[PDB]
$ cat query16.pdb   # PDB, C-alpha atoms and all ligand atoms
ATOM      1  CA  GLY A   1      14.937  16.028 -58.443  1.00  0.00           C
ATOM      2  CA  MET A   2      17.934  18.124 -57.442  1.00  0.00           C
ATOM      3  CA  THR A   3      21.232  17.691 -59.260  1.00  0.00           C
ATOM      4  CA  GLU A   4      24.005  16.303 -57.054  1.00  0.00           C
ATOM      5  CA  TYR A   5      27.636  17.102 -57.882  1.00  0.00           C
ATOM      6  CA  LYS A   6      30.417  14.946 -56.420  1.00  0.00           C
ATOM      7  CA  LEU A   7      33.421  17.179 -55.723  1.00  0.00           C
ATOM      8  CA  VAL A   8      36.815  15.952 -54.498  1.00  0.00           C
ATOM      9  CA  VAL A   9      39.375  18.330 -52.970  1.00  0.00           C
ATOM     10  CA  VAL A  10      42.908  17.073 -53.626  1.00  0.00           C
ATOM     11  CA  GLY A  11      46.335  18.511 -52.933  1.00  0.00           C
ATOM     12  CA  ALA A  12      49.319  18.269 -50.639  1.00  0.00           C
ATOM     13  CA  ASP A  13      49.020  18.056 -46.864  1.00  0.00           C
ATOM     14  CA  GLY A  14      48.738  21.495 -45.305  1.00  0.00           C
ATOM     15  CA  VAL A  15      47.666  23.485 -48.380  1.00  0.00           C
ATOM     16  CA  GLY A  16      44.293  24.209 -46.762  1.00  0.00           C
ATOM     17  CA  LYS A  17      41.896  21.567 -48.112  1.00  0.00           C
ATOM     18  CA  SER A  18      40.043  21.159 -44.816  1.00  0.00           C
ATOM     19  CA  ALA A  19      40.125  24.884 -44.057  1.00  0.00           C
ATOM     20  CA  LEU A  20      38.653  25.631 -47.496  1.00  0.00           C
ATOM     21  CA  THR A  21      35.845  23.071 -47.139  1.00  0.00           C
ATOM     22  CA  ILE A  22      34.974  24.229 -43.610  1.00  0.00           C
ATOM     23  CA  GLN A  23      34.948  27.863 -44.774  1.00  0.00           C
ATOM     24  CA  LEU A  24      32.614  27.070 -47.673  1.00  0.00           C
ATOM     25  CA  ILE A  25      29.973  25.492 -45.425  1.00  0.00           C
ATOM     26  CA  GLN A  26      30.405  26.956 -41.926  1.00  0.00           C
ATOM     27  CA  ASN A  27      31.919  30.328 -43.000  1.00  0.00           C
ATOM     28  CA  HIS A  28      34.583  30.051 -40.270  1.00  0.00           C
ATOM     29  CA  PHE A  29      38.367  29.705 -40.590  1.00  0.00           C
ATOM     30  CA  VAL A  30      39.782  26.793 -38.551  1.00  0.00           C
ATOM     31  CA  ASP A  31      43.422  27.196 -37.569  1.00  0.00           C
ATOM     32  CA  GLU A  32      44.218  23.574 -36.635  1.00  0.00           C
ATOM     33  CA  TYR A  33      42.060  20.834 -38.143  1.00  0.00           C
ATOM     34  CA  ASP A  34      43.306  17.214 -37.693  1.00  0.00           C
ATOM     35  CA  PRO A  35      45.452  16.611 -40.807  1.00  0.00           C
ATOM     36  CA  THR A  36      44.371  12.944 -40.837  1.00  0.00           C
ATOM     37  CA  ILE A  37      40.575  13.297 -41.038  1.00  0.00           C
ATOM     38  CA  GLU A  38      39.020  12.542 -44.418  1.00  0.00           C
ATOM     39  CA  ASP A  39      35.318  13.310 -44.513  1.00  0.00           C
ATOM     40  CA  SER A  40      32.448  14.071 -46.863  1.00  0.00           C
ATOM     41  CA  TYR A  41      30.495  17.289 -46.410  1.00  0.00           C
ATOM     42  CA  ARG A  42      27.239  18.501 -47.926  1.00  0.00           C
ATOM     43  CA  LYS A  43      26.024  21.950 -48.969  1.00  0.00           C
ATOM     44  CA  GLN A  44      23.069  23.059 -51.078  1.00  0.00           C
ATOM     45  CA  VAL A  45      23.745  26.167 -53.183  1.00  0.00           C
ATOM     46  CA  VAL A  46      22.474  28.048 -56.239  1.00  0.00           C
ATOM     47  CA  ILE A  47      25.018  28.307 -59.064  1.00  0.00           C
ATOM     48  CA  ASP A  48      23.960  30.297 -62.157  1.00  0.00           C
ATOM     49  CA  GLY A  49      20.302  29.848 -61.250  1.00  0.00           C
ATOM     50  CA  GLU A  50      20.556  26.067 -60.709  1.00  0.00           C
ATOM     51  CA  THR A  51      19.850  24.747 -57.219  1.00  0.00           C
ATOM     52  CA  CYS A  52      22.197  21.834 -56.649  1.00  0.00           C
ATOM     53  CA  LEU A  53      23.594  19.666 -53.883  1.00  0.00           C
ATOM     54  CA  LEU A  54      27.354  19.520 -53.401  1.00  0.00           C
ATOM     55  CA  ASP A  55      28.933  16.309 -52.061  1.00  0.00           C
ATOM     56  CA  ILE A  56      32.465  17.390 -51.149  1.00  0.00           C
ATOM     57  CA  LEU A  57      35.188  14.883 -50.266  1.00  0.00           C
ATOM     58  CA  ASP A  58      37.946  16.545 -48.225  1.00  0.00           C
ATOM     59  CA  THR A  59      40.821  14.110 -48.679  1.00  0.00           C
ATOM     60  CA  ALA A  60      43.373  13.020 -46.079  1.00  0.00           C
ATOM     61  CA  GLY A  61      45.513  10.053 -45.078  1.00  0.00           C
ATOM     62  CA  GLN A  62      48.111   7.993 -46.931  1.00  0.00           C
ATOM     63  CA  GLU A  63      49.133   7.878 -50.562  1.00  0.00           C
ATOM     64  CA  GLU A  64      48.042   4.425 -51.710  1.00  0.00           C
ATOM     65  CA  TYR A  65      46.826   2.922 -54.968  1.00  0.00           C
ATOM     66  CA  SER A  66      44.664  -0.027 -54.012  1.00  0.00           C
ATOM     67  CA  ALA A  67      41.819  -0.923 -56.360  1.00  0.00           C
ATOM     68  CA  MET A  68      39.345   0.250 -53.702  1.00  0.00           C
ATOM     69  CA  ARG A  69      41.042   3.641 -53.343  1.00  0.00           C
ATOM     70  CA  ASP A  70      41.087   4.023 -57.140  1.00  0.00           C
ATOM     71  CA  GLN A  71      37.391   3.182 -57.525  1.00  0.00           C
ATOM     72  CA  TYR A  72      36.525   5.612 -54.722  1.00  0.00           C
ATOM     73  CA  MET A  73      38.296   8.543 -56.408  1.00  0.00           C
ATOM     74  CA  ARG A  74      36.663   7.424 -59.669  1.00  0.00           C
ATOM     75  CA  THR A  75      33.208   8.338 -58.317  1.00  0.00           C
ATOM     76  CA  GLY A  76      34.273  11.984 -58.191  1.00  0.00           C
ATOM     77  CA  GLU A  77      32.833  14.132 -60.961  1.00  0.00           C
ATOM     78  CA  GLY A  78      35.221  17.080 -60.594  1.00  0.00           C
ATOM     79  CA  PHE A  79      38.390  17.828 -58.685  1.00  0.00           C
ATOM     80  CA  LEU A  80      39.737  20.867 -56.839  1.00  0.00           C
ATOM     81  CA  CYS A  81      43.526  20.656 -57.205  1.00  0.00           C
ATOM     82  CA  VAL A  82      44.743  22.845 -54.338  1.00  0.00           C
ATOM     83  CA  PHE A  83      48.220  24.246 -53.765  1.00  0.00           C
ATOM     84  CA  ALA A  84      49.441  26.912 -51.347  1.00  0.00           C
ATOM     85  CA  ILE A  85      50.917  30.126 -52.736  1.00  0.00           C
ATOM     86  CA  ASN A  86      53.729  29.942 -50.153  1.00  0.00           C
ATOM     87  CA  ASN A  87      54.746  26.298 -50.797  1.00  0.00           C
ATOM     88  CA  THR A  88      56.490  25.756 -54.142  1.00  0.00           C
ATOM     89  CA  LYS A  89      56.606  21.998 -53.558  1.00  0.00           C
ATOM     90  CA  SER A  90      52.821  21.771 -53.228  1.00  0.00           C
ATOM     91  CA  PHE A  91      52.586  23.639 -56.541  1.00  0.00           C
ATOM     92  CA  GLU A  92      55.022  21.380 -58.385  1.00  0.00           C
ATOM     93  CA  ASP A  93      53.115  18.402 -56.925  1.00  0.00           C
ATOM     94  CA  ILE A  94      50.077  19.489 -58.994  1.00  0.00           C
ATOM     95  CA  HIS A  95      51.186  17.587 -62.116  1.00  0.00           C
ATOM     96  CA  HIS A  96      51.077  14.392 -60.057  1.00  0.00           C
ATOM     97  CA  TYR A  97      47.522  14.871 -58.760  1.00  0.00           C
ATOM     98  CA  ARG A  98      46.211  15.723 -62.233  1.00  0.00           C
ATOM     99  CA  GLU A  99      47.941  12.620 -63.614  1.00  0.00           C
ATOM    100  CA  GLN A 100      46.261  10.383 -61.026  1.00  0.00           C
ATOM    101  CA  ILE A 101      42.825  11.907 -61.687  1.00  0.00           C
ATOM    102  CA  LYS A 102      43.302  11.327 -65.423  1.00  0.00           C
ATOM    103  CA  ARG A 103      44.424   7.738 -64.822  1.00  0.00           C
ATOM    104  CA  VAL A 104      41.453   6.603 -62.727  1.00  0.00           C
ATOM    105  CA  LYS A 105      38.962   8.606 -64.785  1.00  0.00           C
ATOM    106  CA  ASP A 106      40.544   7.080 -67.939  1.00  0.00           C
ATOM    107  CA  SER A 107      40.155  10.359 -69.814  1.00  0.00           C
ATOM    108  CA  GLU A 108      42.328  13.262 -70.914  1.00  0.00           C
ATOM    109  CA  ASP A 109      39.374  15.592 -70.156  1.00  0.00           C
ATOM    110  CA  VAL A 110      38.313  15.595 -66.489  1.00  0.00           C
ATOM    111  CA  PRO A 111      36.525  18.585 -64.890  1.00  0.00           C
ATOM    112  CA  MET A 112      39.088  20.337 -62.712  1.00  0.00           C
ATOM    113  CA  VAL A 113      39.917  23.718 -61.208  1.00  0.00           C
ATOM    114  CA  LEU A 114      43.326  24.898 -60.016  1.00  0.00           C
ATOM    115  CA  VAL A 115      43.258  26.613 -56.612  1.00  0.00           C
ATOM    116  CA  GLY A 116      46.085  28.679 -55.154  1.00  0.00           C
ATOM    117  CA  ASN A 117      45.250  28.963 -51.464  1.00  0.00           C
ATOM    118  CA  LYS A 118      46.564  31.198 -48.640  1.00  0.00           C
ATOM    119  CA  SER A 119      46.437  34.329 -50.800  1.00  0.00           C
ATOM    120  CA  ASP A 120      46.347  36.377 -47.574  1.00  0.00           C
ATOM    121  CA  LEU A 121      49.970  35.561 -46.781  1.00  0.00           C
ATOM    122  CA  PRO A 122      52.550  38.211 -47.739  1.00  0.00           C
ATOM    123  CA  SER A 123      55.500  35.995 -48.718  1.00  0.00           C
ATOM    124  CA  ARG A 124      54.379  33.929 -51.679  1.00  0.00           C
ATOM    125  CA  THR A 125      56.774  31.714 -53.613  1.00  0.00           C
ATOM    126  CA  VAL A 126      54.564  30.795 -56.602  1.00  0.00           C
ATOM    127  CA  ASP A 127      53.537  33.668 -58.836  1.00  0.00           C
ATOM    128  CA  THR A 128      49.929  33.952 -59.944  1.00  0.00           C
ATOM    129  CA  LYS A 129      51.261  34.242 -63.512  1.00  0.00           C
ATOM    130  CA  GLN A 130      53.019  30.872 -63.180  1.00  0.00           C
ATOM    131  CA  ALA A 131      49.880  29.122 -61.916  1.00  0.00           C
ATOM    132  CA  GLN A 132      47.687  30.945 -64.445  1.00  0.00           C
ATOM    133  CA  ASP A 133      49.893  29.716 -67.299  1.00  0.00           C
ATOM    134  CA  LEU A 134      49.986  26.143 -66.009  1.00  0.00           C
ATOM    135  CA  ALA A 135      46.197  26.308 -65.670  1.00  0.00           C
ATOM    136  CA  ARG A 136      45.967  27.637 -69.238  1.00  0.00           C
ATOM    137  CA  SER A 137      48.084  24.707 -70.501  1.00  0.00           C
ATOM    138  CA  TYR A 138      45.710  22.262 -68.785  1.00  0.00           C
ATOM    139  CA  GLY A 139      42.690  24.094 -70.184  1.00  0.00           C
ATOM    140  CA  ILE A 140      41.232  24.572 -66.704  1.00  0.00           C
ATOM    141  CA  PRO A 141      40.287  27.595 -64.575  1.00  0.00           C
ATOM    142  CA  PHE A 142      42.585  29.087 -61.947  1.00  0.00           C
ATOM    143  CA  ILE A 143      41.347  30.772 -58.756  1.00  0.00           C
ATOM    144  CA  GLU A 144      43.375  32.173 -55.854  1.00  0.00           C
ATOM    145  CA  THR A 145      41.687  31.699 -52.491  1.00  0.00           C
ATOM    146  CA  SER A 146      42.031  32.391 -48.798  1.00  0.00           C
ATOM    147  CA  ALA A 147      40.263  30.166 -46.301  1.00  0.00           C
ATOM    148  CA  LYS A 148      41.164  32.812 -43.721  1.00  0.00           C
ATOM    149  CA  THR A 149      39.290  35.693 -45.353  1.00  0.00           C
ATOM    150  CA  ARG A 150      36.899  33.673 -47.628  1.00  0.00           C
ATOM    151  CA  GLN A 151      38.236  35.416 -50.759  1.00  0.00           C
ATOM    152  CA  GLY A 152      37.656  33.155 -53.755  1.00  0.00           C
ATOM    153  CA  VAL A 153      36.285  30.204 -51.764  1.00  0.00           C
ATOM    154  CA  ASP A 154      32.783  30.204 -53.261  1.00  0.00           C
ATOM    155  CA  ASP A 155      34.183  30.937 -56.723  1.00  0.00           C
ATOM    156  CA  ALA A 156      36.579  27.973 -56.611  1.00  0.00           C
ATOM    157  CA  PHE A 157      33.874  25.437 -55.768  1.00  0.00           C
ATOM    158  CA  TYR A 158      31.225  27.027 -57.990  1.00  0.00           C
ATOM    159  CA  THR A 159      33.550  27.102 -61.018  1.00  0.00           C
ATOM    160  CA  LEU A 160      34.236  23.385 -60.648  1.00  0.00           C
ATOM    161  CA  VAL A 161      30.470  22.805 -60.840  1.00  0.00           C
ATOM    162  CA  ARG A 162      30.463  24.860 -64.046  1.00  0.00           C
ATOM    163  CA  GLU A 163      33.271  22.692 -65.444  1.00  0.00           C
ATOM    164  CA  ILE A 164      31.310  19.525 -64.615  1.00  0.00           C
ATOM    165  CA  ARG A 165      28.092  20.658 -66.279  1.00  0.00           C
ATOM    166  CA  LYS A 166      30.050  21.980 -69.281  1.00  0.00           C
ATOM    167  CA  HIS A 167      31.532  18.474 -69.525  1.00  0.00           C
ATOM    168  CA  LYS A 168      28.112  16.823 -69.085  1.00  0.00           C
ATOM    169  CA  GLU A 169      26.781  18.642 -72.155  1.00  0.00           C
ATOM    170  CA  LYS A 170      28.771  16.263 -74.356  1.00  0.00           C
TER
HETATM  171  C1  LIG B   1      45.859  12.729 -48.802  1.00  0.00           C
HETATM  172  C2  LIG B   1      46.848  11.669 -49.199  1.00  0.00           C
HETATM  173  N1  LIG B   1      48.083  12.123 -49.873  1.00  0.00           N
HETATM  174  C3  LIG B   1      48.396  11.965 -51.242  1.00  0.00           C
HETATM  175  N2  LIG B   1      49.689  12.117 -51.576  1.00  0.00           N
HETATM  176  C4  LIG B   1      50.083  11.927 -52.834  1.00  0.00           C
HETATM  177  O1  LIG B   1      51.364  12.086 -53.163  1.00  0.00           O
HETATM  178  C5  LIG B   1      52.239  12.673 -52.193  1.00  0.00           C
HETATM  179  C6  LIG B   1      53.568  12.843 -52.912  1.00  0.00           C
HETATM  180  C7  LIG B   1      54.690  13.175 -51.935  1.00  0.00           C
HETATM  181  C8  LIG B   1      55.925  12.514 -52.520  1.00  0.00           C
HETATM  182  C9  LIG B   1      55.349  11.194 -52.999  1.00  0.00           C
HETATM  183  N3  LIG B   1      54.003  11.540 -53.509  1.00  0.00           N
HETATM  184  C10 LIG B   1      53.868  11.618 -54.981  1.00  0.00           C
HETATM  185  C11 LIG B   1      54.088  13.080 -55.285  1.00  0.00           C
HETATM  186  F1  LIG B   1      55.439  13.366 -55.324  1.00  0.00           F
HETATM  187  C12 LIG B   1      53.461  13.809 -54.091  1.00  0.00           C
HETATM  188  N4  LIG B   1      49.287  11.699 -53.866  1.00  0.00           N
HETATM  189  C13 LIG B   1      47.953  11.576 -53.607  1.00  0.00           C
HETATM  190  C14 LIG B   1      47.071  11.314 -54.673  1.00  0.00           C
HETATM  191  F2  LIG B   1      47.566  11.188 -55.929  1.00  0.00           F
HETATM  192  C15 LIG B   1      45.701  11.204 -54.440  1.00  0.00           C
HETATM  193  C16 LIG B   1      44.814  10.889 -55.578  1.00  0.00           C
HETATM  194  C17 LIG B   1      44.249  11.897 -56.363  1.00  0.00           C
HETATM  195  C18 LIG B   1      43.410  11.620 -57.438  1.00  0.00           C
HETATM  196  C19 LIG B   1      43.115  10.326 -57.750  1.00  0.00           C
HETATM  197  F3  LIG B   1      42.307  10.052 -58.785  1.00  0.00           F
HETATM  198  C20 LIG B   1      43.657   9.291 -56.988  1.00  0.00           C
HETATM  199  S1  LIG B   1      43.420   7.587 -57.201  1.00  0.00           S
HETATM  200  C21 LIG B   1      44.435   7.171 -55.847  1.00  0.00           C
HETATM  201  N5  LIG B   1      44.633   5.878 -55.509  1.00  0.00           N
HETATM  202  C22 LIG B   1      44.941   8.314 -55.242  1.00  0.00           C
HETATM  203  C23 LIG B   1      45.817   8.219 -54.129  1.00  0.00           C
HETATM  204  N6  LIG B   1      46.425   8.120 -53.166  1.00  0.00           N
HETATM  205  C24 LIG B   1      44.507   9.548 -55.887  1.00  0.00           C
HETATM  206  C25 LIG B   1      45.192  11.305 -53.138  1.00  0.00           C
HETATM  207  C26 LIG B   1      43.721  11.215 -52.861  1.00  0.00           C
HETATM  208  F4  LIG B   1      43.195  10.049 -53.143  1.00  0.00           F
HETATM  209  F5  LIG B   1      43.420  11.482 -51.605  1.00  0.00           F
HETATM  210  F6  LIG B   1      43.026  12.127 -53.536  1.00  0.00           F
HETATM  211  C27 LIG B   1      46.042  11.572 -52.103  1.00  0.00           C
HETATM  212  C28 LIG B   1      47.434  11.707 -52.295  1.00  0.00           C
HETATM  213  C29 LIG B   1      49.038  12.743 -48.907  1.00  0.00           C
HETATM  214  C30 LIG B   1      50.289  11.876 -48.664  1.00  0.00           C
HETATM  215  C31 LIG B   1      51.278  12.831 -48.047  1.00  0.00           C
HETATM  216  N7  LIG B   1      50.988  14.082 -48.744  1.00  0.00           N
HETATM  217  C32 LIG B   1      51.833  15.119 -48.855  1.00  0.00           C
HETATM  218  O2  LIG B   1      51.547  16.167 -49.386  1.00  0.00           O
HETATM  219  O3  LIG B   1      52.993  14.856 -48.265  1.00  0.00           O
HETATM  220  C33 LIG B   1      53.929  15.958 -48.241  1.00  0.00           C
HETATM  221  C34 LIG B   1      49.632  14.096 -49.307  1.00  0.00           C
HETATM  222  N1  LIG B   2      46.913  32.042 -43.554  1.00  0.00           N
HETATM  223  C1  LIG B   2      46.193  31.020 -44.073  1.00  0.00           C
HETATM  224  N2  LIG B   2      46.293  29.807 -43.479  1.00  0.00           N
HETATM  225  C2  LIG B   2      45.600  28.741 -43.947  1.00  0.00           C
HETATM  226  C3  LIG B   2      44.733  28.919 -45.118  1.00  0.00           C
HETATM  227  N3  LIG B   2      44.177  27.716 -45.360  1.00  0.00           N
HETATM  228  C4  LIG B   2      44.650  26.846 -44.426  1.00  0.00           C
HETATM  229  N4  LIG B   2      45.486  27.464 -43.576  1.00  0.00           N
HETATM  230  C5  LIG B   2      46.227  26.853 -42.442  1.00  0.00           C
HETATM  231  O1  LIG B   2      47.129  25.866 -42.958  1.00  0.00           O
HETATM  232  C6  LIG B   2      47.246  24.779 -42.039  1.00  0.00           C
HETATM  233  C7  LIG B   2      46.777  23.482 -42.689  1.00  0.00           C
HETATM  234  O2  LIG B   2      45.489  23.670 -43.275  1.00  0.00           O
HETATM  235  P1  LIG B   2      44.491  22.431 -43.490  1.00  0.00           P
HETATM  236  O3  LIG B   2      43.091  22.943 -43.725  1.00  0.00           O
HETATM  237  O4  LIG B   2      44.527  21.476 -42.326  1.00  0.00           O
HETATM  238  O5  LIG B   2      45.136  21.844 -44.843  1.00  0.00           O
HETATM  239  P2  LIG B   2      44.912  20.365 -45.437  1.00  0.00           P
HETATM  240  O6  LIG B   2      45.945  19.420 -44.886  1.00  0.00           O
HETATM  241  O7  LIG B   2      45.061  20.440 -46.935  1.00  0.00           O
HETATM  242  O8  LIG B   2      43.534  19.868 -45.084  1.00  0.00           O
HETATM  243  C8  LIG B   2      46.355  25.130 -40.870  1.00  0.00           C
HETATM  244  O9  LIG B   2      47.150  25.817 -39.903  1.00  0.00           O
HETATM  245  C9  LIG B   2      45.355  26.098 -41.456  1.00  0.00           C
HETATM  246  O10 LIG B   2      44.787  26.929 -40.446  1.00  0.00           O
HETATM  247  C10 LIG B   2      44.679  30.280 -45.711  1.00  0.00           C
HETATM  248  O11 LIG B   2      43.972  30.523 -46.708  1.00  0.00           O
HETATM  249  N5  LIG B   2      45.415  31.246 -45.149  1.00  0.00           N
HETATM  250 MG    MG B   3      42.763  18.240 -43.936  1.00  0.00          MG
END
$ encode --input "query16.pdb" --output "C-alpha cells" --more "lines below"
Ligand SMILES: CCN(c1nc(OC[C@@]23CCCN2C[C@H](F)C3)nc2c(F)c(-c3ccc(F)c4sc(N)c(C#N)c34)c(C(F)(F)F)cc12)[C@H]1CCN(C(=O)OC)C1
Ligand SMILES: Nc1nc2c(ncn2[C@@H]2O[C@H](COP(=O)(O)OP(=O)(O)O)[C@@H](O)[C@H]2O)c(=O)[nH]1
Ligand SMILES: [Mg+2]
Amino acid sequence: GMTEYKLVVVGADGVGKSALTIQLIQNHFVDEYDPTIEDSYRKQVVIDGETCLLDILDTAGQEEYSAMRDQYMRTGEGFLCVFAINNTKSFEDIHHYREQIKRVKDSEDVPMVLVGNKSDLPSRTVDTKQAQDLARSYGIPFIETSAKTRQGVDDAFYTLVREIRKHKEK
C-alpha cells in the first residue's frame, strides 16, 4: 500500500513547531497555539511522484528521559530540527537535539533537516550562512521557513521525506 513516513518536529519552545505543522496541513497561520499540546497530525502528499502519508509528531511538554519517552522518539524515522532566526539560544540548542536523536536512534546517520523559522521577521540574530555551515557540517539540508507566509514550509517537510528514503536505500 501507501508508504507512511513518521516525522518528528523538534526544537525549543516558541520556535514555531506547532505553527509550522498547522500551516503545512491547514494552510493557516495560528498566532497563539497552546505551547503545551503535543499531538500527531496526518497529511497525504505527493513528493517527487510518490504518494505517501505523513505522520507528524509536533512535540511539546517537559524535557525528560524516561525509557518510554526514549522509545517513543525512537519510532520517528526523520526529524525536523527547528530554530527561530531571531532566537540565538534556540539555534545553539540545536546541537543538543541532534545529540538526543542520535542517542536514541543509536546511529551517527539519522535523517534530519535543519529549519530556520520566522524568516519573515526583520531583526534576525542567526545568519543564514551560520546555519547553512552548521547544516553542512552535519551533512543535512537547511531550509529557512515562515509559518506566517508559508515560505519554505512544504520544502522543509518534503526534504525530510527525501532524506528518509535516501537513507532507506541502504
Ligand atoms: C518539548 C520538550 N522540550 C525539550 N527540551 C529539551 O531541552 C531544553 C533545554 C533547555 C535547557 C535544558 N535543556 C537542554 C538544552 F540545553 C535545551 N530537550 C528536548 C529534547 F532533547 C527532546 C528530544 C529530542 C529527540 C530525541 F530523540 C529525544 S529522546 C528524549 N527522551 C527526548 C526528550 N525530552 C528527546 C524533546 C522531544 F522529545 F520532545 F523531542 C524535547 C525537549 C522543551 C523543554 C523546555 N524547552 C525549551 O526550549 O525551553 C526553553 C523545550
Ligand atoms: N512572525 C512569525 N511568527 C511565528 C512563526 N512561527 C511561529 N510564530 C509565532 O511564535 C509563537 C510560538 O509559536 P509556536 O507554533 O507555538 O511554537 P512551538 O512552541 O515550537 O510549537 C507564536 O506566537 C506563533 O504565532 C513565523 O514563521 N513567523
Ligand atoms: Mg507547540
$ resolve_selection --input "query16.pdb" --expression "the PyMOL selection byres (((chain A and resi 79) around 7) and not hetatm)" --output "JSON, numbers by chain"
{"A": [7, 8, 9, 10, 78, 80, 81, 111, 112, 113]}
$ closest_atom_pairs --input "query16.pdb" --of "chain A" --to "ligand LIG 2 (chain B)" --cutoff "9 Å" --atoms "only C-alpha atoms and all ligand atoms" --output "CSV"
residue,atom,partner,partner_atom,distance
A:9,CA,B:LIG2,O7,8.6
A:10,CA,B:LIG2,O7,7.8
A:11,CA,B:LIG2,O7,6.4
A:12,CA,B:LIG2,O7,6.0
A:13,CA,B:LIG2,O6,3.9
A:14,CA,B:LIG2,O6,3.5
A:15,CA,B:LIG2,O7,4.3
A:16,CA,B:LIG2,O5,3.2
A:17,CA,B:LIG2,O7,3.6
A:18,CA,B:LIG2,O3,3.7
A:19,CA,B:LIG2,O3,3.6
A:20,CA,B:LIG2,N3,6.3
A:21,CA,B:LIG2,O3,8.0
A:22,CA,B:LIG2,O3,8.2
A:29,CA,B:LIG2,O10,7.0
A:30,CA,B:LIG2,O10,5.4
A:31,CA,B:LIG2,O10,3.2
A:32,CA,B:LIG2,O9,4.9
A:33,CA,B:LIG2,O4,4.9
A:34,CA,B:LIG2,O4,6.4
A:35,CA,B:LIG2,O6,5.0
A:36,CA,B:LIG2,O6,7.8
A:37,CA,B:LIG2,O8,8.3
A:38,CA,B:LIG2,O8,8.6
A:58,CA,B:LIG2,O8,7.2
A:59,CA,B:LIG2,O8,7.3
A:60,CA,B:LIG2,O8,6.9
A:82,CA,B:LIG2,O7,7.8
A:83,CA,B:LIG2,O7,8.4
A:84,CA,B:LIG2,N3,8.0
A:116,CA,B:LIG2,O11,8.9
A:117,CA,B:LIG2,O11,5.2
A:118,CA,B:LIG2,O11,3.3
A:119,CA,B:LIG2,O11,6.1
A:120,CA,B:LIG2,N5,5.8
A:121,CA,B:LIG2,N1,5.7
A:145,CA,B:LIG2,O11,6.3
A:146,CA,B:LIG2,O11,3.4
A:147,CA,B:LIG2,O11,3.7
A:148,CA,B:LIG2,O11,4.7
A:149,CA,B:LIG2,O11,7.1
A:150,CA,B:LIG2,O11,7.8
A:151,CA,B:LIG2,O11,8.6
$ closest_residue --input "query16.pdb" --among "A:72, A:142, A:169, A:39" --to "residue 56 in chain A" --atoms "only C-alpha atoms"
A:39
$ closest_atom_pairs --input "query16.pdb" --of "chain A" --to "ligand LIG 1 (chain B)" --cutoff "6 Å" --atoms "all atoms listed in the file" --output "CSV"
residue,atom,partner,partner_atom,distance
A:10,CA,B:LIG1,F6,4.9
A:12,CA,B:LIG1,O2,3.3
A:13,CA,B:LIG1,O2,4.0
A:59,CA,B:LIG1,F5,4.7
A:60,CA,B:LIG1,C1,3.7
A:61,CA,B:LIG1,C1,4.6
A:62,CA,B:LIG1,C2,4.5
A:63,CA,B:LIG1,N6,3.8
A:64,CA,B:LIG1,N6,4.3
A:65,CA,B:LIG1,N5,3.7
A:69,CA,B:LIG1,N5,4.8
A:70,CA,B:LIG1,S1,4.3
A:73,CA,B:LIG1,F3,4.9
A:93,CA,B:LIG1,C12,5.4
A:96,CA,B:LIG1,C11,5.8
A:97,CA,B:LIG1,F2,4.6
A:100,CA,B:LIG1,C19,4.5
A:101,CA,B:LIG1,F3,3.5
A:104,CA,B:LIG1,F3,5.3
$ resolve_selection --input "query16.pdb" --expression "the PyMOL selection byres (((chain A and resi 127-129) around 10) and not hetatm)" --output "ChimeraX atom specification"
/A:85-86,88,116,119,124-126,130-135,142-144
$ closest_residue --input "query16.pdb" --among "A:115, A:68, A:45, A:110" --to "residue 94 in chain A" --atoms "all atoms listed in the file"
A:115
$ closest_residue --input "query16.pdb" --among "A:24, A:2, A:52, A:57" --to "ligand MG 3 (chain B)" --atoms "all atoms listed in the file"
A:57
$ atom_distance --input "query16.pdb" --atom1 "CA of residue 167 in chain A" --atom2 "CA of residue 5 in chain A"
12.4 Å
$ decode --input "query16.pdb" --residues "range 11-21 of chain A" --atoms "N, CA and C atoms" --output "compact mmCIF listing (two decimals), in the first residue's frame"
# COMPACT_ATOMS: atom_id res chain seq x y z
N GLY A 11 12.64 20.96 18.62
CA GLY A 11 13.19 22.30 18.73
C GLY A 11 12.69 22.98 19.99
N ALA A 12 13.27 24.13 20.28
CA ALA A 12 12.96 24.86 21.50
C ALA A 12 11.52 25.36 21.49
N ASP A 13 10.98 25.54 22.69
CA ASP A 13 9.66 26.16 22.85
C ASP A 13 9.64 27.50 22.14
N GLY A 14 8.57 27.75 21.38
CA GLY A 14 8.37 29.04 20.77
C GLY A 14 9.07 29.28 19.45
N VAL A 15 9.76 28.28 18.89
CA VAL A 15 10.39 28.48 17.59
C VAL A 15 9.39 28.38 16.45
N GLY A 16 8.20 27.83 16.70
CA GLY A 16 7.19 27.72 15.66
C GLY A 16 6.88 26.30 15.21
N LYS A 17 7.09 25.30 16.07
CA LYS A 17 6.85 23.92 15.66
C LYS A 17 5.37 23.67 15.39
N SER A 18 4.50 24.14 16.28
CA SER A 18 3.06 23.98 16.06
C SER A 18 2.59 24.82 14.89
N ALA A 19 3.06 26.06 14.79
CA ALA A 19 2.64 26.93 13.70
C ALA A 19 3.07 26.36 12.35
N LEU A 20 4.24 25.72 12.29
CA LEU A 20 4.69 25.11 11.04
C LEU A 20 3.81 23.92 10.66
N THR A 21 3.52 23.05 11.63
CA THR A 21 2.71 21.87 11.36
C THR A 21 1.29 22.25 10.95
